[PDB]
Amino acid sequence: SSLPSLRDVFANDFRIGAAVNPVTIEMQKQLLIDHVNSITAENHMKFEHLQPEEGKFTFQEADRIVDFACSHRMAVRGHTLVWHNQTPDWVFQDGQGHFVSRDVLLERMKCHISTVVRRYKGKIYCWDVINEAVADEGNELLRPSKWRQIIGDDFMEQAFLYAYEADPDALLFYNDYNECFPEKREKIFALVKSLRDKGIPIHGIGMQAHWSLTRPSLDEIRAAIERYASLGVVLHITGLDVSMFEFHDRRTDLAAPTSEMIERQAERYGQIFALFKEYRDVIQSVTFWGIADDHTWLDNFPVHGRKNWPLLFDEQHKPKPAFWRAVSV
């Protein structure tokens, strides 16, 4: 009540978002209403939750998310159309269980993108069209995937063009994680630059920002922002969280964060939002992958069955020390 509202604090800088589903919308309703002006579906706008079988569209959960957002004047980011994960097997198969033609996968991709994007036209202002296509390791530019396998390397071009035709007023994003590690950063840059150079309607890069207390460094975040902004795209931070564990830290028996963890996280969040505010001219939206520590996918990834404390509010929805540093930049 005397607490500052995130969206108001950053009114002149960027929207503040949260990834939700119908359960967490209920469980965290007041936090969302008090703090965010933007909503993303954590799972219920992915392919498997929209077209689980060919011709069977299940919009019910996505609809509730959108209805919530509209009834509280929140923008909506659509997530996500084309991705190597959470896409049912039928998409790539024929009756015989073999892989489909390039042309058949294109028709399925187009049908899906047109049905989904047209339904929410005028309520969803941007879409993560392509998710995580760039390789996370090695020196190949692109990760392997059945989309890429079957269609070829121009599947991303096609997807953006399909999405643009379905709603040409939407901002279309390439979305990815580890976006600030230099070698991956240069792949993302090179990929997006190539698409823009062919006139493909890609308007933005989504920086997932699934970050740790240490990685990436502030200098790596700054360099990535400037590298991407130089392409003329808009930047969204799309899944911000700050894990208490580094990647190598697979501990399962921490029942609570240490006070050192909590303190360093507050500092880390303060520094990060200072950096975001500095680049307010190119960052238009900052979405957390959740909103309070009672729900986070980091509880079970990358270690199943533990607990993480990655967000600005604790499990009782009370502001953490990271909250105070974040709003005071």
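Heads up: residue numbers just count along the shown sequence, starting at 1.
Stretches 225-233 and 100-108 differ in mean CA B factor, with 100-108 having the higher one. Annotation for 117-125 versus 84-92: the higher mean temperature factor (C-alpha) is found in 84-92.
For the set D167, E246, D136, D241, the maximum C-alpha B-factor listed in the entry falls on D136. Looking at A75, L195, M207, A163, the one whose CA carries the top B-factor in the deposited record is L195. When the CA B factors of the chain's modelled residues are split into thirds, the value for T258 lands in the highest one.
In this PDB entry, the Cα temperature factor of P216 sits in the bottom third of its chain's modelled residues, the lowest group.
Sort the chain's modelled residues by C-alpha temperature factor and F276 lands in the middle third, per the entry. In this PDB entry, the Cα temperature factor of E53 sits in the middle third of its chain's modelled residues. For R306, the recorded CA temperature factor ranks within the highest third of the chain's modelled residues.
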